[PDB]
Structures are given as structure tokens and as C-alpha cells.
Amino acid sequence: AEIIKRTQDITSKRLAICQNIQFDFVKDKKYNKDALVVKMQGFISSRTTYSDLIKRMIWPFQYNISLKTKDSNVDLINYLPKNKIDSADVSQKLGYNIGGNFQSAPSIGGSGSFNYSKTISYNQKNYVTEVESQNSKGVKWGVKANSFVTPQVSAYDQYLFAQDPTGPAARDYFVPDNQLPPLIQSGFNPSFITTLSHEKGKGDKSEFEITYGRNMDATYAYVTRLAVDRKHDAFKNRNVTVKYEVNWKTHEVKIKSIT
């Protein structure tokens, strides 16, 4: 039993997104298939802007992460997080024991010992994670605005973030930085896992796609008294997709394209 580790780092300059991926081959003689444990990290910038058209704050309502394949060479066999989760701290662990045995735990502390393991950890304060689709060929998570703490407000409140304007500039119509959470003010550091299994000998190469991005909402404030509207799903799927080719025979992972 051994682990062959690779990494891929790719940046989309246009989107201000980084995919830092880890690809671990579990090469195990007591195991029927090849497995590739894919850990998805990097950064997805909030790209929160304050402009005039009436001030506008564009802001990330949801962060998107998915991995999908179209080949019949390859299936997803696990993914983490597996279930919806609402705590600010998301820390989980996948484990593998010789013999093709994978388990996962919804924690890191107190999660037991394995021949091999890989953890995830991210912060999502005011947001919540949903596993919008898992099939044998793909999984998609959404990290979705949930509720905000005020000097307490749903993510669907139209007046969220608007302010009796502190000045004439657009930014002065919206609450200060020390009132916004990292996922609005800075962006999201993702930490996700999926395992890819491939029946040994059933083709040397397989292909799959990892996508990172965001769905922006838009808030519009102006004094006519402050009035505030809100466009949900203003700019949806601001995303980058990176296609990878895995070579099972040589335990390699290549980039094919970045859109």
C-alpha cells in the first residue's frame, strides 16, 4: 500500500479564483481498484464591489464547488462534506484502511486512526453548506449566505448591509468592514474532498472537471430617507472550470483546459 501525491495550482486572473488541488493515488495490492483522493483548496475571492449606477454593492450570495466526470471509466465513491452543515467551523476527515476500506467522520478530533487519512477544514461564518447534488458522476456543494449579526438578519432581508449614508461615496451607503464577515469582505477558502475509483486495467486515462465560482447578489441604496432594493441572482455562476486528465497507469494528473 502506498500513496503517490501530486498537486496542481491554477489561477483564473479574470475571476480572481485559485484552485490548489491535492491528488493522492492510493496504490493498494489488496484492493481491486485504483483510487484518487482529490482535495480541493485555494481561494475564491468575494469580488464585493461598491459602485454608482444610487449606490450598488455587488456581493457573493453563494460559493460554488463541484467535481464532475462524463467518463464511464471512473466513479465518485465518497465526498466531504457528505451532508448539509451550518456550523461556522467545518472540520472533517476521510480515512482509508488497506483492503479498499474508506470511512469518513464529521470531525477531526476524536475521528480515529487509519492507514491513510485526509482532512478538510474551512470557515463559513453566516453561511451554510448544501450538497446540491451527488450522483456517481459528480457532486456539487453550495456555500450559501444564511444569517447575519447586526448592531440579527436573514440573508434574504432586502435591507441587508445598507446604511444611512455616512458620506457621498457609494461605500458610505453600506455598513463598515468590521461589520462584514470574511466571506463578504475577503472571500472563501474552500476545503472539499471526493474520491475517484477506477477498475484496474479498464483504461489508462480518465477525465473530470473541477469548478469554483460564485453567485452574486446586488443591493441598491439611495436617499430619495433611505430606500433599498435587492436583486437576487444578479450575476449567477461566475465560475472557472478546470479539466483534468488522470493517468492511472503512471499515477499522473494533467491540466487540459481552464475556462
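Just count from 1 along the sequence shown to find any residue number.
Unmodelled stretch of the deposited sequence separating residue 151 from residue 152, binned as none, 1 to 3, 4 to 9 or 10 or more: According to the record, 1 to 3 deposited residues lack coordinates from residue 151 to residue 152.
Which of 227-235 and 211-219 has higher mean CA B factor, as the PDB entry lists it: Comparing averages over the C-alpha atoms only gives 227-235.
Comparing 129-137 with 106-114, the one whose average Cα B-factor in the PDB entry is higher: Per the PDB entry, the higher value belongs to 129-137.
Residue, from 87, 185, 166, 189, that the PDB entry assigns the highest Cα B-factor: Comparing C-alpha B-factors across 87, 185, 166, 189, the maximum falls on 166.
Residue, from 83, 124, 92, 178, that the PDB entry assigns the highest Cα B-factor: Answer, based on the entry's C-alpha B-factors: 178.
Residue 196 - Cα temperature factor, lowest/middle/highest third of chain: Middle third - that is where residue 196 ends up once the chain's C-alpha B-factors are sorted.
Chain third (lowest, middle, highest) by recorded CA B-factor, residue given as residue 45: Bottom third by C-alpha B-factor.
Third of the chain's Cα B-factor distribution that residue 161 belongs to, per the entry: Its C-alpha B-factor belongs to the middle third of this chain's values.
Among modelled residues of the same chain, the CA temperature factor third for residue 59: It falls in the middle third of the chain.
Residue 119, C-alpha B-factor rank within chain (lowest, middle or highest third): For residue 119, the deposited C-alpha B-factor lands in the lowest third.
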